[PDB]
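Here's a solo chain for you in structure tokens, the form deposited in one PDB entry.
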């Protein structure tokens, strides 16, 4: 029985991760310890049928006692404790969800179904830090894994439809709240099916334009609009969120040569799943049936959806994926630009495969 510490288990990711471990009875093989950063000393989760109290997430000594650490707290926490802990001589395993140590030397980005070999290699090479990549990239590779795995990709152009859950709980709750505010302001006009549309329109356009909407976690309203910028601003024209695309994809895949990945990461009113619209350029003119066969033959979760108007609406949508381990790919076909241009549209819960699952699976490897 290994002493596994859990930090940031209360957050959006931690919660999904906890819920998942119970399902697969993940707590049966380990010795759970629950840390906190604001409720230190309080009653502990007891997920693994364990009775205790919340440990000091910042107690170095307390942290050095565990064989493994699983954090879903955030990058701010990592950058604060990790360097200080490794310095203390801690030679345990650090499984993280935050981006912090992703592009670091002593860390390996994990996506079992996509790069187990890399994982294993680094494992036999001394790597003790395993980090999950960006939920979107992690999702992209899970859905379009077959293509890369066959060296069929020349470069990729993405346009993401990212859900509010990506920013965390406060962000989701904010969207939902903003949602309510919007509706309420016109609940009566909506009650009267004939009432002029402009009346309802003006009313909602005004609310939004009025600082009345809670935008503390988004800076701007998202309920009835979108935001073309996710992460910080980089020294280039790229936004950190977009830049993660190319960097991490090559790291995860351990490519011999950079596979150009770029596009636009946009935040939308999507509640829980992350969807992406691709414009991939193939090295050779591969037939779509071959492509589909490949994508499906890469991993049990990569599910190809037919280019059907009905099916697409019923399956290639957050509402039909949110909560599932499936990572659908649809709207697959060649673009008018030529047969080397493949058009695809994926969707997937970024809290599972894009977050919790990779870690959960990795933890079981070291348990």
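Numbering follows the first chain given and starts at 1. Rigid core: the largest C-alpha set superposing within 1.5 Å between the two forms.
There is another form of this protein, the form deposited in another entry, and it is not shown here; the text below is about that form.
J.: Please name the single residue among 179, 264, 277, 258 whose Cα shifts by at least 2 Å between this form and the one not shown after core superposition.
T.: After core superposition, the one over threshold is 179.
J.: Using a rigid core alignment, state whether the CA of residue 190 is displaced by 2 Å or more between this form and the one not shown.
T.: Where the cores coincide, residue 190 still shows a C-alpha shift between this form and the one not shown that is 2 Å or more.
J.: Taking the rigid core as the frame, does residue 153 move its C-alpha by 2 Å or more between this form and the one not shown?
T.: No, because once the rigid core is superposed, the C-alpha of residue 153 moves less than 2 Å between this form and the one not shown.
J.: Would you say residue 126 moves between this form and the one not shown, meaning its CA shifts by 2 Å or more once the core is fitted?
T.: False for residue 126: its C-alpha shift is below 2 Å.
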